[PDB]
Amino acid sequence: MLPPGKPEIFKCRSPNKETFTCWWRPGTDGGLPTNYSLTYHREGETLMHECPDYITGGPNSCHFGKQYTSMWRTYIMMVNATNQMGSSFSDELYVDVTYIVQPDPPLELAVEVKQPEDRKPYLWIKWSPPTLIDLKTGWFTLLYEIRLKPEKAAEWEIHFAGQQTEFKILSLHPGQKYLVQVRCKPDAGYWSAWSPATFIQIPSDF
């Protein structure tokens, strides 16, 4: 017998400055919504549009593919909830895709112990950018961080790797086992999550 609570768009994100997704949540303290509609318009247009894809980002989400995504242009968007009893509109949300970029974490983290005669031996860390980001045209620019730690240590060692996809770590405790992770950020936006750990044994003779 109750119409819906006020819904809220609580997150928007873009993994690569070419598409983006937004998520909303229902207002508790109203009746069950049986439908939602996300509508938006862009800055300097008067056309009103509907969410182009309600499927791709799953539950309570709107996904904007390449043909609906552009940079340096604000989206003004609103979601409404409806059931048989009536309806309720969310607050307008202003979104500039440029500032909601958070990449997925980097891929293929590999680690190796390199022991050469002539110089100090070292740890050699290698990884790859996330799929889905265009670094090669210069459209996207990525920075990386590595962290590593042996189990039970209080603090992580952090090393900024810049734009490289490999790094050399010189000083480690022989015999100790390390967890290593890598994350990345764009030039403007948020750090990704850390990758899964790869584990490395530092041999005793190091």
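Residues carry their position along the shown sequence, with the first being 1.
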{"property": "195-203 set against 2-10, stretch whose average Cα temperature factor tops the other in the entry", "result": "2-10"}
{"property": "Residue range whose averaged C-alpha B-factor is higher in the record, 175-183 or 31-39", "result": "31-39"}
{"property": "Criterion, highest CA B-factor; candidates, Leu170, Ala153, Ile146, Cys62", "result": "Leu170"}
{"property": "Candidate residues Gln102, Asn83, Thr131, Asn80, the one whose C-alpha B factor the record puts highest", "result": "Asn83"}
{"property": "Chain-wide C-alpha B factor ranking for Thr46, given as lowest, middle or highest third", "result": "highest"}
{"property": "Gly162 CA temperature factor, ranked by third within the chain", "result": "middle"}
{"property": "Assigned third (lowest, middle, highest) for the C-alpha B factor of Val111", "result": "highest"}
{"property": "Where the record places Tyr122 (Cα B-factor, split into thirds across the chain)", "result": "highest"}
{"property": "Ranked against its chain, the third holding the CA B-factor of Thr74", "result": "lowest"}
